[PDB]
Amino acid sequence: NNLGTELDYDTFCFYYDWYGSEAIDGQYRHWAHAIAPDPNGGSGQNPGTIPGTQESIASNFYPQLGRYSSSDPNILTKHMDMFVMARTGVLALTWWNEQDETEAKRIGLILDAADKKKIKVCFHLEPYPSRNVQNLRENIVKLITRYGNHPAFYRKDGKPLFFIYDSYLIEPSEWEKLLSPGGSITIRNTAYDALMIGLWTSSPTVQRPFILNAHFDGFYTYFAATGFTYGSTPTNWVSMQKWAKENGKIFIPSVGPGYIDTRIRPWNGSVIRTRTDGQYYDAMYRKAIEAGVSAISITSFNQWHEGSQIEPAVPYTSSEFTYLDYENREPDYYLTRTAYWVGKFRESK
């Protein structure tokens, strides 16, 4: 079929599975959240907490689905239908290395739900305690062994793909051991080989030799807030793509619809990026496409604390907070606008 509605499997949408309810988790996990002290506010701060009540959740927006559980199979079905609406073929699942049965259950539920809609799943490997290339190898082996035969497990030209958040916190001399074909614990040419996509943060002077010396297959930028880093400044994307092409690397710029995290970081207003009825998202997505990249990542499906979510949000005013909402747009606007941009992306692939 050639309907212009099909999923795109070079479009990766960052997905968070850390939400709970008192009932599916024993607590409205993540809907309740600590408020961060101001790093420039001095000692003795008592910033308090957001209790995750109906009235007061840890977001500047309010989900259409309410204070949902990421383990609720009925929520997961709805989320996969939202991915289908957005045409986002790959769910890039945040992975925290919790090593508990509830994590294992949730990952299985997500894979199963995704497969029903032909969605694929890859892992976004977060920075967990004592993360290093040896335990990262062991965890890559574990993920590929546990999930690699699941029909929803993502592969690109036969290889799994991992996004590695905060990769720059591990020295290239360590990465080389894992990612050079000659590295002492290499995954190259093994059953556990994968496309490893590192987080490009700062200037090319630093990031170019890092990516080469660490033997990453590519890089992404994550941040939805334009100008937060060099990498998340879209005017740099043409140049970053040129360098990627010259060096055989895969650039997967990250685009998002806005940013606001001031419920949890009241002092962080400088990072706010207003949605302007979709114009911010449009501008950022257009820059990614114009850069001529082969793949795009979306920050985020549902990072509600960041205010970067494309998941449907609704107007809500409670006794505790007046939430932002999608304004003149309907709750599903960012899903349907994602589908629009996926179509434009596919037209120039």
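Sequential numbering from 1, following the sequence displayed.
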Stretch with the greater mean C-alpha B-factor as recorded in the entry, comparing 219-227 against 205-213:
205-213
Mean temperature factor over C-alpha atoms, higher-scoring stretch between 137-145 and 238-246:
238-246
Among 129, 278, 160, 253, which carries the highest Cα B-factor?
129
Maximum C-alpha temperature factor, selected from 319, 64, 59, 300
319
Comparing residue 43 with the other modelled residues of its chain, is its CA B-factor in the lowest, middle or highest third?
highest
Chain-wide C-alpha B factor ranking for residue 175, given as lowest, middle or highest third
lowest
Third of chain Cα B-factors occupied by residue 308:
lowest
Taking the entry's C-alpha B-factors for this chain, is residue 289 in the lowest, middle or highest third?
middle
Residue 198 by Cα B-factor - lowest, middle or highest third of the modelled chain
lowest
